[PDB]
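> Encoded as structure tokens, here's the structure I'll be asking about.
Neighbour counts are summed over all protein chains in view; Cβ atoms, including those assigned to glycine, are modelled from backbone coordinates with ideal geometry. Every number in this text was worked out from the coordinates using simple rules, so none of it is lab data.
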Number of protein chains: 2
Amino acid sequence: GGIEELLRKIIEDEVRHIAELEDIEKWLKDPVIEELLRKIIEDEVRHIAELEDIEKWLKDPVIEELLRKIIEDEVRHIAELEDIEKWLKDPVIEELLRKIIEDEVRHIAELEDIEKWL
Amino acid sequence: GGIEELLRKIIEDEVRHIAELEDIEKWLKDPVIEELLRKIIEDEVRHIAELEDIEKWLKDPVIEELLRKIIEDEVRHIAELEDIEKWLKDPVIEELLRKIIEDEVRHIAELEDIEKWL
Ligand SMILES: [Zn+2]
Ligand SMILES: [Zn+2]
């Protein structure tokens, strides 16, 4: 329970996003979207790695920047995925992007809550 | 043995570097050098996170950029720590930095060997 459970669920979301965004990149085959999604996937991979290891750094000043950067990534992801969602005319994929955005929004709120006190 | 043992030793080196560089920050009390060291520490933390999780991504295109970026960080660390070592007049700390640099050099060689075929 508690925060460790919240972080586990964030990690599970990020893992799913990678798989889902890789499917979306295969369906679309557009070069602007490929560059955006490639970089989002890179971020999501790092978020998984860092949050899996986060206990090691709880007493270390580095924790402030680790969480700040993950939150900043997620904020950028919402903006970019919203842009892609608006640009597309492909209702199934637009709905998938909307659901990913909802996850990213929740992650920002939860990580902000944790970052506040660390 | 094999690559997994090489990666385990790289991770153990990075963990040690963080502790050692944090000691060096505390001995030096020097804001300009300390800012450089704080950024190196942030990189080392991410290297540990990413290499601990690396099996997850071996079949994924992201693996190329994950390893490329770690290697690029290590290359920058050598340049910056070499310049810092030359700047200091503090033989014990200069020797500590020399040994960290040696580790970073070995990491680049081993990760380049691993990167080649992935
Ligand atoms: Zn995310
Ligand atoms: Zn290193």
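> In debye to the nearest 20, how big a dipole does the range B:16-76 give about its Cα centre with +1 on each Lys and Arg Cβ and -1 on each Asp and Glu Cβ? Walk me through the numbers on the way to the answer.
Details: 11 positive and 20 negative charges, 9 e Å.
Magnitude of the dipole: close to 40 debye.
> Sort shortest first the distances from residue A:56 to its counterpart in every other copy, using label points 7 Å along the Cα-to-beta-carbon line, and give them in nm.
List, nearest first: 1.4 nm.
> For residue A:91, what charge total do you get from the other residues with a beta carbon under 11 Å from its beta carbon, if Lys and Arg give +1 and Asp and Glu give -1? Don't skip to the answer; put the middle values down first.
Working: positive: A:89, A:98; negative: A:85, A:90, A:94, A:95.
Net charge in that neighbourhood comes out at -2.
> Using per-residue counts of other Cβ atoms within 10 Å, averaged over each peptide, order A:68-74, B:86-92 from highest down.
Details: A:68-74: 18.1, B:86-92: 10.6.
Ranked by mean Cβ neighbours within 10 Å, highest first: A:68-74, B:86-92.
> Regarding chain B, what are the three Cα extents along the principal axes, ordered largest first, in Å?
Principal axes ranked by extent give 47, 23, 20 Å for the Cα atoms.
> If you place +1 on the Cβ of every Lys and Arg and -1 on the Cβ of every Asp and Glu, how big does the dipole about the Cα centre of the range A:2-115 come out, in debye to the nearest 20? Walk me through the intermediate numbers first.
Details: 18 positive and 39 negative charges, 40 e Å.
Dipole about the Cα centre, nearest 20: 200 debye.
> Also: Taking the Cα centre of the protein assembly as shown as origin, sum charge times position over the Cβ atoms of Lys and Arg (+1) and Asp and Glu (-1), and report the length of that vector in debye to the nearest 20. Show your work: numbers first, answer last.
Working: 38 positive and 78 negative charges, 17 e Å.
Its charge dipole is roughly 80 debye.
> A follow-up question, please. Contact order normalised by length for chain A, with contacts defined as Cα pairs under 8 Å and 6 or more residues apart; what percent is it?
28
> Then there's this: Is there a pair in A:26/B:69; A:39/A:116; A:89/B:69; A:39/B:59 whose C-alpha atoms are over 29 Å apart, and which pairs would that be? Let's see the in-between values first.
On the way: A:26/B:69 25 Å; A:39/A:116 27 Å; A:89/B:69 35 Å; A:39/B:59 17 Å.
A:89/B:69, as the Cα separations exceed 29 Å there.
> Residue farthest toward the positive end of the dipole of the range B:2-115, with Cβ of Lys/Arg at +1 and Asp/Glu at -1: which of B:88, B:105, B:75?
So the residue furthest toward the plus end is B:88.
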